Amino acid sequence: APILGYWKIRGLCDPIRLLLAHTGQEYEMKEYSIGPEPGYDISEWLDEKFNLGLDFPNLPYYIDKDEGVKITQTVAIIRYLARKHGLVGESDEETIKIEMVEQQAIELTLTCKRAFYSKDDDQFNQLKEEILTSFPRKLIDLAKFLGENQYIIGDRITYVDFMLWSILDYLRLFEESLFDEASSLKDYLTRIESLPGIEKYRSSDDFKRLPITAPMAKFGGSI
């Protein structure tokens, strides 16, 4: 059985788990606990970190002995899984669209990552301002690109829908007014959540006990 390793948070790994939930692929979830403040012990991870034969030892990792793969870096993992499960473009035209949206999703995600784990309120309010200021335009551009489509490239769901859904879900939880009346993207969120594999995952206890972030975060550190 393949193994996915990560913290006990939604975090970076969320789009991967949604992809795996949608496809129904069996895998073992290996979870690493973070101890309480102020020491935030991560000893479980450090005990395996160097012992797993990883090139770039980090979480998440994806290992599948049978297929002979060992992968770190969320986007490399999710693209690997997309190719395996047929959740990629079936023409260059689709691939271009997927990859443009993919970079937009990554930018949103990495800006939020920096905001959520800000050191002091100073740093946090600075990035919050950036988010509230720049993101509305980016969500409008995404809505305009999605149009009347069900998913990014149209009728068929692809891996980027999971990346986009994840970061929009985080933003909705961070500041609802970014999307409260943002109608098309709300329908998009609803549509992807209603897919049976994702619905089953989101209604499971394992998901409901996951905070968005690790406990030291300024946002999302608890359920």
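Residue numbers here begin at 1 and follow the sequence given.
With 211-219 and 12-20 compared on mean CA B-factor from the PDB entry, the stretch scoring higher is 211-219. Of the two stretches examined, 169-177 and 36-44, the record assigns the greater average C-alpha temperature factor to 36-44. Ranked within its chain, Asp155 lands in the middle third, by CA B factor from the PDB record.
Ranked against the other modelled residues of its chain, the C-alpha B-factor of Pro196 as given in the entry falls in the middle third. Residue-level temperature factors show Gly68 in the highest third of its chain, judged at the C-alpha atom. Annotation for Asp121: CA B-factor lies in the highest third of the chain's modelled residues. Ranked by C-alpha B-factor against the other modelled residues of its chain, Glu28 falls in the highest third.
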